[PDB]
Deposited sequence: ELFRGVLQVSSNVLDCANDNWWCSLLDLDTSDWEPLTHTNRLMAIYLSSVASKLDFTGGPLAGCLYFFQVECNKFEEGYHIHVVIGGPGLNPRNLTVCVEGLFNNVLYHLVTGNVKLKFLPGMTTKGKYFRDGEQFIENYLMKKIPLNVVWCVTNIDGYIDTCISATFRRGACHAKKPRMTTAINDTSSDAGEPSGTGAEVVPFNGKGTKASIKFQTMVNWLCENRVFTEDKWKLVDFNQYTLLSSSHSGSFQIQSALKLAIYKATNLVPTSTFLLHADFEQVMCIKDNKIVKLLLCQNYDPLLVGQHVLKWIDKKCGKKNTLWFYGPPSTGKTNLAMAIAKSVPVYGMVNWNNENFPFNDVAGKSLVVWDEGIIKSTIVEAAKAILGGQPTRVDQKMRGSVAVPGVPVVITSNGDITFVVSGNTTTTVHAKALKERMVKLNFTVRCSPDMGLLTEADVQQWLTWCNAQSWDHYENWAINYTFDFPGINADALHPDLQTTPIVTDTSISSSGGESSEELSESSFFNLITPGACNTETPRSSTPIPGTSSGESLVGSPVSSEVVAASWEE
(Lines of atoms letter the chains of each structure in order from A and count residues from 1; the text may use other names and numbers.)
(Lines give C-alpha, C1' and ligand atoms only; values in the text may rest on other atoms or scores of the structure.)
Protein backbone atom coordinates (compact mmCIF):
# COMPACT_ATOMS: atom_id res chain seq x y z
CA UNK A 1 0.00 0.00 0.00
CA UNK A 2 2.91 2.33 -0.74
CA UNK A 3 1.64 5.74 -1.91
CA UNK A 4 2.07 6.70 -5.55
CA UNK A 5 4.89 9.02 -6.61
CA UNK A 6 2.69 12.01 -7.42
CA UNK A 7 5.09 14.84 -6.57
CA UNK A 8 3.01 17.67 -8.02
CA UNK A 9 3.54 21.23 -9.20
CA UNK A 10 3.34 24.45 -7.17
CA UNK A 11 -0.44 24.66 -7.56
CA UNK A 12 -0.95 21.22 -6.00
CA UNK A 13 1.21 22.12 -3.00
CA UNK A 14 -0.62 25.42 -2.54
CA UNK A 15 -4.00 23.67 -2.70
CA UNK A 16 -2.91 21.05 -0.17
CA UNK A 17 -1.65 23.76 2.18
CA UNK A 18 -4.97 25.60 1.83
CA UNK A 19 -6.86 22.40 2.67
CA UNK A 20 -4.69 21.91 5.76
CA UNK A 21 -5.25 25.52 6.82
CA UNK A 22 -9.02 25.11 6.47
CA UNK A 23 -9.03 21.84 8.42
CA UNK A 24 -6.86 23.08 11.29
CA UNK A 25 -8.93 26.25 11.78
CA UNK A 26 -12.32 24.49 12.09
CA UNK A 27 -13.66 26.15 8.93
CA UNK A 28 -16.25 23.97 7.21
CA UNK A 29 -18.82 26.27 5.57
CA UNK A 30 -18.63 29.07 3.04
CA UNK A 31 -19.95 31.74 5.41
CA UNK A 32 -17.36 30.84 8.04
CA UNK A 33 -14.69 31.16 5.36
CA UNK A 34 -16.03 34.61 4.47
CA UNK A 35 -15.97 35.77 8.10
CA UNK A 36 -12.59 34.26 8.98
CA UNK A 37 -10.69 35.41 5.87
CA UNK A 38 -12.09 37.69 3.18
CA UNK A 39 -8.96 38.48 1.16
CA UNK A 40 -8.32 34.83 0.33
CA UNK A 41 -11.95 34.29 -0.68
CA UNK A 42 -11.99 37.39 -2.88
CA UNK A 43 -8.73 36.40 -4.56
CA UNK A 44 -9.94 32.85 -5.19
CA UNK A 45 -13.39 33.79 -6.54
CA UNK A 46 -11.93 35.92 -9.37
CA UNK A 47 -11.77 33.11 -11.95
CA UNK A 48 -13.37 29.82 -12.92
CA UNK A 49 -10.28 27.82 -11.92
CA UNK A 50 -10.14 29.54 -8.54
CA UNK A 51 -13.88 29.18 -7.99
CA UNK A 52 -13.71 25.44 -8.68
CA UNK A 53 -11.14 24.92 -5.92
CA UNK A 54 -13.41 26.27 -3.16
CA UNK A 55 -15.87 23.36 -3.17
CA UNK A 56 -13.11 20.78 -3.58
CA UNK A 57 -11.09 22.16 -0.66
CA UNK A 58 -14.18 22.46 1.54
CA UNK A 59 -15.32 18.88 0.96
CA UNK A 60 -11.79 17.49 1.33
CA UNK A 61 -11.32 19.29 4.65
CA UNK A 62 -14.73 18.11 5.86
CA UNK A 63 -13.92 14.51 4.98
CA UNK A 64 -10.49 14.58 6.61
CA UNK A 65 -11.82 16.14 9.81
CA UNK A 66 -14.72 13.69 10.03
CA UNK A 67 -12.78 10.51 9.24
CA UNK A 68 -9.58 11.22 11.18
CA UNK A 69 -11.21 11.72 14.61
CA UNK A 70 -14.68 10.91 16.00
CA UNK A 71 -17.39 13.49 16.56
CA UNK A 72 -16.83 13.27 20.32
CA UNK A 73 -13.48 15.03 19.88
CA UNK A 74 -15.25 17.93 18.16
CA UNK A 75 -17.98 18.04 20.81
CA UNK A 76 -15.33 18.16 23.56
CA UNK A 77 -12.88 20.60 21.94
CA UNK A 78 -21.59 26.15 36.84
CA UNK A 79 -22.36 22.47 36.27
CA UNK A 80 -25.84 22.21 37.84
CA UNK A 81 -27.18 25.47 36.35
CA UNK A 82 -26.94 24.98 32.57
CA UNK A 83 -30.01 25.26 30.36
CA UNK A 84 -29.78 21.64 29.21
CA UNK A 85 -29.80 20.11 32.69
CA UNK A 86 -32.61 22.40 33.84
CA UNK A 87 -34.75 21.43 30.84
CA UNK A 88 -34.00 17.72 31.22
CA UNK A 89 -34.82 17.64 34.94
CA UNK A 90 -38.01 19.59 34.19
CA UNK A 91 -38.98 16.95 31.62
CA UNK A 92 -38.37 14.19 34.22
CA UNK A 93 -35.21 12.58 32.89
CA UNK A 94 -31.70 11.99 34.20
CA UNK A 95 -29.31 14.32 32.32
CA UNK A 96 -26.33 12.01 32.83
CA UNK A 97 -27.98 8.95 31.27
CA UNK A 98 -29.12 10.79 28.14
CA UNK A 99 -25.74 12.50 27.92
CA UNK A 100 -24.05 9.11 27.87
CA UNK A 101 -26.66 7.97 25.35
CA UNK A 102 -25.93 10.85 22.96
CA UNK A 103 -22.17 10.42 23.40
CA UNK A 104 -22.57 6.77 22.39
CA UNK A 105 -25.05 7.59 19.63
CA UNK A 106 -22.91 10.16 17.80
CA UNK A 107 -20.09 7.63 17.41
CA UNK A 108 -22.40 4.94 15.94
CA UNK A 109 -22.14 2.57 18.91
CA UNK A 110 -25.82 2.15 19.90
CA UNK A 111 -26.40 -1.04 17.93
CA UNK A 112 -29.36 -1.29 15.58
CA UNK A 113 -31.43 1.22 17.58
CA UNK A 114 -29.24 4.24 16.79
CA UNK A 115 -31.75 7.10 16.69
CA UNK A 116 -33.19 9.78 18.96
CA UNK A 117 -37.00 10.03 18.78
CA UNK A 118 -38.71 13.08 20.31
CA UNK A 119 -42.46 12.56 20.78
CA UNK A 120 -44.43 15.11 22.77
CA UNK A 121 -46.78 18.09 22.86
CA UNK A 122 -45.99 20.97 20.50
CA UNK A 123 -43.88 23.96 21.54
CA UNK A 124 -42.28 22.06 24.46
CA UNK A 125 -38.50 22.07 23.92
CA UNK A 126 -38.27 19.60 21.03
CA UNK A 127 -36.69 21.24 17.97
CA UNK A 128 -34.56 23.64 20.03
CA UNK A 129 -32.34 20.94 21.55
CA UNK A 130 -32.06 19.11 18.22
CA UNK A 131 -30.93 22.30 16.48
CA UNK A 132 -28.50 23.09 19.31
CA UNK A 133 -26.92 19.65 18.91
CA UNK A 134 -26.94 19.82 15.11
CA UNK A 135 -25.09 23.16 15.02
CA UNK A 136 -22.07 21.79 16.90
CA UNK A 137 -21.04 19.02 14.47
CA UNK A 138 -18.99 20.27 11.49
CA UNK A 139 -21.89 19.75 9.07
CA UNK A 140 -25.44 18.44 9.34
CA UNK A 141 -28.11 17.47 6.84
CA UNK A 142 -31.90 17.73 6.89
CA UNK A 143 -34.08 14.88 5.65
CA UNK A 144 -36.97 15.80 3.36
CA UNK A 145 -40.03 13.75 4.26
CA UNK A 146 -41.85 15.09 1.19
CA UNK A 147 -41.64 14.89 -2.63
CA UNK A 148 -42.03 11.09 -2.40
CA UNK A 149 -39.13 10.67 -4.85
CA UNK A 150 -36.03 12.50 -3.53
CA UNK A 151 -36.41 12.18 0.25
CA UNK A 152 -32.72 11.64 1.06
CA UNK A 153 -30.71 14.35 -0.66
CA UNK A 154 -27.84 16.08 1.20
CA UNK A 155 -27.51 13.13 3.58
CA UNK A 156 -24.27 11.58 2.31
CA UNK A 157 -21.18 13.36 3.61
CA UNK A 158 -22.97 14.96 6.56
CA UNK A 159 -22.21 13.83 10.12
CA UNK A 160 -25.81 13.94 11.44
CA UNK A 161 -29.34 14.02 10.03
CA UNK A 162 -32.31 15.86 11.57
CA UNK A 163 -36.03 15.20 11.04
CA UNK A 164 -38.89 17.50 12.05
CA UNK A 165 -42.59 16.56 12.11
CA UNK A 166 -41.75 13.19 10.60
CA UNK A 167 -44.24 11.43 8.34
CA UNK A 168 -43.22 7.95 7.18
CA UNK A 169 -44.93 6.05 4.38
CA UNK A 170 -44.36 2.49 3.19
CA UNK A 171 -42.32 3.86 0.28
CA UNK A 172 -39.67 5.03 2.78
CA UNK A 173 -40.59 2.77 5.70
CA UNK A 174 -38.11 -0.01 4.93
CA UNK A 175 -35.73 1.96 2.70
CA UNK A 176 -34.99 4.34 5.59
CA UNK A 177 -34.53 1.42 7.98
CA UNK A 178 -30.82 1.12 7.16
CA UNK A 179 -30.31 4.88 7.54
CA UNK A 180 -32.08 4.78 10.90
CA UNK A 181 -29.93 1.82 11.95
CA UNK A 182 -26.71 3.19 10.48
CA UNK A 183 -26.19 0.47 7.89
CA UNK A 184 -24.09 1.40 4.83
CA UNK A 185 -26.11 1.71 1.62
CA UNK A 186 -26.41 3.73 -1.59
CA UNK A 187 -28.63 6.81 -1.94
CA UNK A 188 -29.34 8.55 -5.24
CA UNK A 189 -28.71 12.22 -6.00
CA UNK A 190 -30.42 14.65 -8.35
CA UNK A 191 -28.71 14.63 -11.76
CA UNK A 192 -26.46 11.86 -10.44
CA UNK A 193 -26.43 8.13 -9.65
CA UNK A 194 -26.02 6.93 -6.04
CA UNK A 195 -23.79 8.34 -3.29
CA UNK A 196 -22.95 5.40 -0.96
CA UNK A 197 -24.01 6.86 2.37
CA UNK A 198 -22.06 4.97 5.08
CA UNK A 199 -24.51 5.48 7.96
CA UNK A 200 -24.96 8.59 10.10
CA UNK A 201 -26.51 9.49 13.45
CA UNK A 202 -30.19 10.37 13.18
CA UNK A 203 -32.42 12.52 15.39
CA UNK A 204 -36.14 12.96 14.67
CA UNK A 205 -38.78 15.09 16.41
CA UNK A 206 -42.47 14.58 15.68
CA UNK A 207 -45.72 15.73 17.26
CA UNK A 208 -47.69 12.73 15.99
CA UNK A 209 -46.84 9.05 16.16
CA UNK A 210 -44.73 7.85 13.25
CA UNK A 211 -44.80 4.04 13.64
CA UNK A 212 -48.12 3.98 11.75
CA UNK A 213 -47.62 4.28 7.99
CA UNK A 214 -49.79 6.84 6.20
CA UNK A 215 -51.29 4.66 3.45
CA UNK A 216 -52.23 7.67 1.35
CA UNK A 217 -55.01 8.82 3.66
CA UNK A 218 -56.18 5.71 5.56
CA UNK A 219 -53.02 5.49 7.74
CA UNK A 220 -52.74 1.72 8.04
CA UNK A 221 -50.15 0.34 10.47
CA UNK A 222 -48.84 -2.41 8.17
CA UNK A 223 -45.22 -1.73 9.16
CA UNK A 224 -46.04 -1.71 12.87
CA UNK A 225 -43.21 -3.89 14.15
CA UNK A 226 -40.83 -2.87 11.36
CA UNK A 227 -40.25 0.79 12.20
CA UNK A 228 -40.07 0.48 16.00
CA UNK A 229 -36.98 -1.74 15.73
CA UNK A 230 -34.88 1.25 14.61
CA UNK A 231 -35.47 4.19 16.99
CA UNK A 232 -35.46 4.75 20.75
CA UNK A 233 -37.97 7.23 22.15
CA UNK A 234 -37.62 10.08 24.67
CA UNK A 235 -41.06 11.50 25.43
CA UNK A 236 -41.62 15.16 26.26
CA UNK A 237 -44.25 16.04 28.86
CA UNK A 238 -44.19 19.58 30.29
CA UNK A 239 -43.91 23.05 28.78
CA UNK A 240 -41.33 25.81 29.24
CA UNK A 241 -41.24 29.59 29.48
CA UNK A 242 -41.14 31.51 26.17
CA UNK A 243 -37.96 33.44 27.10
CA UNK A 244 -35.41 30.60 26.92
CA UNK A 245 -33.88 31.70 23.62
CA UNK A 246 -31.11 30.01 21.67
CA UNK A 247 -29.27 27.37 23.68
CA UNK A 248 -25.98 28.25 21.86
CA UNK A 249 -22.70 26.33 21.67
CA UNK A 250 -21.19 26.94 25.11
CA UNK A 251 -23.99 25.34 27.15
CA UNK A 252 -24.14 22.15 25.08
CA UNK A 253 -20.33 21.97 24.99
CA UNK A 254 -20.15 22.12 28.79
CA UNK A 255 -23.02 19.63 29.14
CA UNK A 256 -21.19 17.11 26.97
CA UNK A 257 -17.89 17.85 28.73
CA UNK A 258 -19.62 16.93 32.01
CA UNK A 259 -19.54 13.20 31.15
CA UNK A 260 -15.74 12.95 31.23
CA UNK A 261 -15.12 12.20 34.93
CA UNK A 262 -18.03 9.90 35.87
CA UNK A 263 -18.74 6.22 35.23
CA UNK A 264 -21.34 4.64 32.94
CA UNK A 265 -22.01 1.66 35.21
CA UNK A 266 -25.77 1.82 34.63
CA UNK A 267 -25.39 2.14 30.86
CA UNK A 268 -23.69 -1.19 30.10
CA UNK A 269 -26.37 -2.99 32.12
CA UNK A 270 -28.99 -0.96 30.24
CA UNK A 271 -27.10 -1.79 27.03
CA UNK A 272 -28.09 -5.46 27.39
CA UNK A 273 -31.59 -4.72 26.08
CA UNK A 274 -32.47 -1.59 24.10
CA UNK A 275 -35.77 -0.28 25.41
CA UNK A 276 -38.14 1.22 22.86
CA UNK A 277 -38.76 4.13 25.25
CA UNK A 278 -35.99 5.64 27.34
CA UNK A 279 -36.53 4.83 31.04
CA UNK A 280 -37.62 7.91 32.96
CA UNK A 281 -36.03 9.13 36.16
CA UNK A 282 -37.65 7.86 39.34
CA UNK A 283 -35.37 8.14 42.38
CA UNK A 284 -31.85 8.49 40.96
CA UNK A 285 -31.60 12.29 40.66
CA UNK A 286 -29.55 14.75 42.74
CA UNK A 287 -26.01 14.07 41.62
CA UNK A 288 -23.53 15.30 44.28
CA UNK A 289 -23.22 18.57 42.35
CA UNK A 290 -27.02 18.59 41.58
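Unmodelled regions of the deposited chain, listed from N- to C-terminal end, are 1 to 200, 278 to 284, 498 to 569.
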